[PDB]
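Notes to accompany the following structure.
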Amino acid sequence: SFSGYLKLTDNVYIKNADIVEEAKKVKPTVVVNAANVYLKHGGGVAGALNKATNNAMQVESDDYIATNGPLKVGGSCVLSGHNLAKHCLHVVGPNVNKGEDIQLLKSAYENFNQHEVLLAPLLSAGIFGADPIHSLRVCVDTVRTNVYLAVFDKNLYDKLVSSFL
Ligand SMILES: CNc1nc2ccc(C3=C(C(=O)O)CCC3)cc2s1
């Protein structure tokens with residue numbers, strides 16, 4: 001039941017909103033988590049989504065890692081969305097503050113194409129160190145399915161919308 005989004009391109013929408021509140025209110029088929037390779041949900045969007053599941057996401061993630069090993073940078077896995085969504089697509093963008101290649105941000109967003117509709121944050125923003133406006137450009141250039149982007153910070157949201165319109 002997505003509402004209040006501004007359409008940027010044929011398939012990319014954006015809203016100034018807390019992704020945790022959007023997920024609770026909409027219960028989308030897929031919510032994207034901005035994960036790391038070991039699925040340790042310590043801060044940023046990952047910590048927020050995990051806290052909203054009261055750590056059910058972390059317990060399930062630890063079991064995925066013990067059985068399957070870590071993800072690769074640019075890779076993803078599908079796990080339960082618990083109370084936030086039917087599924088959580090955990091996607092690893094490059095941490096350019098740690099020398100990880102920015103080219104891998106395109107590979108990360110390619111994972112979204114397996115799902116027709118997703119609620120997502122911008123990848124590699126925050127502690128991962130990428131420029132969020134560059135991250136939105138890669139999203140627009142790479143994602144072919146319908147993506148509803150939620151951005152918490154009003155100053156960042158206004159900057160993104162100005163660079164697009
Ligand atoms: C409890 N809800 C939330 N906690 C956070 C923490 C960080 C963020 C981030 C960004 C943002 O959209 O402003 C970009 C970098 C990290 C978002 C949420 S929503």
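Each residue takes its place number in the sequence, starting with 1. The figures here come from the full heavy-atom set of this structure, side chains too, leaving out hydrogens, waters and symmetry mates.
- Although no hydrogens or angles enter the test, the distance criterion places a donor-acceptor pair under 3.5 Å between the side chain of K15 and the main chain of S3.
- Screening residues 41-52 for side-chain hydrogen bond (donor to acceptor under 3.5 Å, both in side chains), with sequence neighbours left out, gives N33-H41, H41-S61, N50-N55.
- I19 approaches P121 most closely through the heavy-atom pair CD1-N, 3.6 Å.
- From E60, atom CD reaches atom OG of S80 across 5.0 Å, with rounding to the nearest 0.5 Å.
- Cluster annotation: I14 is connected to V12 through the hydrophobic network of ILVMFWY side chains, with a link wherever side-chain heavy atoms come within less than 4.5 Å.
- Within the model, atoms CG of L104 and OG of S124 stand 8.5 Å from one another, a figure rounded to the nearest 0.5 Å.
- Side-chain atoms of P94 and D101, non-hydrogen and from C-beta on, never get closer than 4.5 Å to each other.
- Counting heavy atoms from C-beta on, the side chains of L105 and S135 come closer than 4.5 Å.
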- [ ] Give the C-alpha distance, both sets of side-chain angles, the deciding distance and a yes or no for side-chain contact (heavy atoms from CB on, under 4.5 Å) between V32 and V147.
- [x] CA-CA 10 Å; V32 171; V147 58; over 6 Å; no

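- Applying the ring-ring contact (aromatic ring centres under 6.0 Å, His included) test to pairs two or more places apart or on separate chains, none has a residue in residues 122-141.
- The closest side-chain heavy-atom distance from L136 to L149 is below 4.5 Å.
- The ring-ring contact (aromatic ring centres under 6.0 Å, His included) contacts involving residues 91-127 comprise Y109-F112, where partners must be two or more places apart or lie in separate chains.
- In this structure, CZ on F152 lies 9.5 Å from CD on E21, to the nearest 0.5 angstrom.
- Partners of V20 by side chain to side chain contact (heavy atoms under 4.5 Å, CB included), not counting sequence neighbours, listed by chain and number: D18, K24, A48, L49, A52.
- Residues passing the salt bridge (charged side-chain N to carboxylate O under 4.0 Å, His left out) test with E100, sequence neighbours excluded: none.
- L119 contributes atom CG, which lies 13.0 Å from atom CG of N146 (distance to the nearest 0.5 angstrom).
- Applying the side-chain hydrogen bond (donor to acceptor under 3.5 Å, both in side chains) test to pairs two or more places apart or on separate chains, those with a residue in residues 63-77 are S76-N111.
- Annotation: the span from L8 atom CG to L165 atom CG amounts to 6.5 Å, rounded to 0.5 Å.
- By the 4.5 Å heavy-atom criterion applied to side chains, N97 and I127 are not counted as neighbours.
- Sorted by first and then second residue, the side-chain hydrogen bond (donor to acceptor under 3.5 Å, both in side chains) pairs involving residues 150-165 (not counting sequence neighbours) are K154-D158.
- Inter-residue side-chain proximity for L39 and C77 is flagged as met; some heavy-atom pair is nearer than 4.5 Å.
- Among residues two or more places apart in sequence or in another chain, the side chain to side chain contact (heavy atoms under 4.5 Å, CB included) test is passed with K27 by none.
- A search for side chain to side chain donor-acceptor pair (under 3.5 Å) contacts involving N113 returns nothing, not counting sequence neighbours.
- A search for side chain to side chain contact (heavy atoms under 4.5 Å, CB included) contacts involving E116 returns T145, not counting sequence neighbours.
- Of the possible donor and acceptor atoms, one in the side chain of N16 sits under 3.5 Å from a partner among the backbone N and O of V151.
- With sequence neighbours excluded, no residue forms a side chain to side chain contact (heavy atoms under 4.5 Å, CB included) with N54.
- Crowding of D141 atom CG: a count of heavy atoms from other residues, nucleotides or ligands under 6.0 Å exceeding 12.
- For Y148, the ring-ring contact (aromatic ring centres under 6.0 Å, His included) partners at least two apart in sequence or on another chain are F2, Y5, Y13.
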